[PDB]
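Let me begin by presenting the structure, written as structure tokens, before commenting on it.
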Amino acid sequence: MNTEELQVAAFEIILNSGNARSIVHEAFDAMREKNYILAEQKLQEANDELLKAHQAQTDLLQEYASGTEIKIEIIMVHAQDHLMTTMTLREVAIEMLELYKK
Amino acid sequence: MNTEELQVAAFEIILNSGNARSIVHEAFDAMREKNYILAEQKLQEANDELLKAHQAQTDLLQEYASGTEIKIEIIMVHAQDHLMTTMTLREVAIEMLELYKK
Amino acid sequence: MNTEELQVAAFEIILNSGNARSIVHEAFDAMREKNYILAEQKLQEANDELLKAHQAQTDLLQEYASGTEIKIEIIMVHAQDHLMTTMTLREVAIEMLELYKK
């Protein structure tokens, strides 16, 4: 509350997203080595992580929608970028597994 | 410019870009069916939908360029991330549709 | 930090990441032409440019972390989105170049 709380939220998204991101990179490394089983399971481990971050964002979006004021701050922005850009990396990774497999 | 006008601009962006994004996954789904012409086309629908969000974003910063003050808000950050992340997913999808066609 | 400084910073990020994005697209065009040499090289130039953008974002974050106040403006959000989607886009591309080869 409030500035400290938002800093914690920001960091929750960033730690968890950064985790998701190298897990998505592990998955890329696997498909590189024709090992699709590893790539696929890593693709789901990154999901596990990524939604911890997603939920953090959602809870933050929920507080705003309801009226409690949230003053942005560059670390929030950077966090959000990191979630959403990691989500999109993973969306790409999935689709690329599918070409790989042929 | 007022908090309500901005909230609207946001959901607009989020709404149109969410829609463009599902459309891009439709084009992905089509590259999986080997429907390379469907996919080509959905990438165009997606583009028609995105230009909407995109236009909204560009007017907001145009409005900002011209001196109007815009307090941020987490849903705007989130709207911009949707547009820019959706746009980039689409760029990936164009490139991957080429790859598929080989 | 400091309106003039933050607008400068934001434009530095947008211009350099904009350039890195076009170079990444060069790498995609060069992939498409079967030319894996150029594409690999272009992915490194894109990186040379992106780095300038990442540095400026890092200085801002590090400034923020040291207690300096920073009112984010849409232009900054937009610049950060350009940096982080452009990074994500290089990342896919590095992978896609790999797949082009296989």
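We label chains A, B, ... in the order they appear in the structure tokens, count residues from 1 in each chain, and number ligands from 1 in the order shown.
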
Who sits within 9 Å of residue 88 in chain B, only C-alpha atoms, same chain under 6 positions skipped, as a list in words:
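So, after excluding close chain neighbours, the residues are residues 88 of chain A; 85, 86, 88 and 89 of chain C.
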
Sorted by chain and rising residue number, which residues of chain B lie within 8 Å of chain A, and what are their closest atom pairs and distances in Å to one decimal, counting only C-alpha atoms, as a tab-separated table?
```
residue	atom	partner	partner_atom	distance
B:28	CA	A:95	CA	7.3
B:32	CA	A:98	CA	8.0
B:72	CA	A:72	CA	6.8
B:73	CA	A:72	CA	6.3
B:74	CA	A:72	CA	6.3
B:75	CA	A:61	CA	6.8
B:77	CA	A:77	CA	6.6
B:78	CA	A:80	CA	7.2
B:81	CA	A:81	CA	6.5
B:82	CA	A:84	CA	7.6
B:85	CA	A:85	CA	6.2
B:86	CA	A:88	CA	7.9
B:89	CA	A:88	CA	6.6
B:92	CA	A:92	CA	7.5
B:100	CA	A:99	CA	7.2
```
